[PDB]
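Scope of the values below: all heavy atoms of this structure, side chains included, with no hydrogens, waters or symmetry mates. We count ligands from 1, going down the list as the structure has it; atoms in each ligand are counted the same way. We're numbering straight along the sequence, starting at 1.
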Amino acid sequence: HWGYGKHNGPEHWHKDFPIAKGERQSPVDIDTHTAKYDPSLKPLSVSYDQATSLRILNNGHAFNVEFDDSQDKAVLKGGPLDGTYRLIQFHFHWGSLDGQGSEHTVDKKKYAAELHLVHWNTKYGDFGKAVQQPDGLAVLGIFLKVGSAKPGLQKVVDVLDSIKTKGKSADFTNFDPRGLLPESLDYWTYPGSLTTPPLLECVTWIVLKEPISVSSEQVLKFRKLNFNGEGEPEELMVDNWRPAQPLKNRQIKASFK
Ligand SMILES: [Co+2]
């Protein structure tokens, strides 16, 4: 099936998912000088006080921290968004080395990792219906650089031993995603896609300008995960990122001057 190897990686996905060569694929390079300030955007409203995390799952490509999305408990609104988007899961993309790992780039700079908080538009009733719409999802992307530890990440890092291999899950209740956000909500936004198969063109991307810092030790624990299932040959879960795709006929907007 698809993955991140030489024989099944990003360069191959178009064979099964022709939308890989589409008009609004993600990620992209964010050219900071060409993005334009848009005074009519909103502040973002991130309302995560009532979040209910449930579980963490190694799905063979990343790990997902899953939320109860059966009520408006953790929602994203405002900014470029019309209406209410419910948090379903977050995950990360990361590298084998601190010099790569992010999906989006900023003036061609790659960060060590990128956090994706995935939300679906409540007008479409469920995630599966939302991904079939051009405004179905809103993904909040946050860059990670290596430096100081991120305290609010530690509970995630320390459960990773229990979900080493594909298909393993663990209970993951009472996790507060607010502890993964930077101070500033300044952002760039553009219309794009999921960055993994099926690559659906359903995402309003909201990429924060300010990275969070995580420690070397924290990212090293990401890199101990496995893509494989238990009892299969070990293949470290690293470099689970798609490179930048052509911008095509899109403009990236900034919420800040
Ligand atoms: Co992602």
Would the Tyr4 and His93 ring centres measure less than 6.0 Å apart? no

Less than 6.0 angstrom separating the ring centers of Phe256 and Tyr187, yes or no? no

Below 2.8 Å of the Co ion (ligand 1), tally up the protein N/O/S atoms for me. 3

Taking a hydrophobic cluster as the set of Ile, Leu, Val, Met, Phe, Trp and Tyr residues connected by side-chain heavy atoms closer than 4.5 Å, whether directly or through intermediates, do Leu76 and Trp205 fall within one such cluster? no

Is the cationic atom of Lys73 (NZ for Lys, CZ for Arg) positioned less than 6.0 Å from the six-membered ring centroid of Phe67 and within 45 degrees of its normal? no

To check you understand the geometry: which heavy-atom pair defines the closest contact between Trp13 and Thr195, and what is its length? CZ3-O, 3.3 Å

Is it true that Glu66 and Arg55 make a salt bridge, defined as a side-chain N closer than 4.0 Å to a carboxylate O? yes

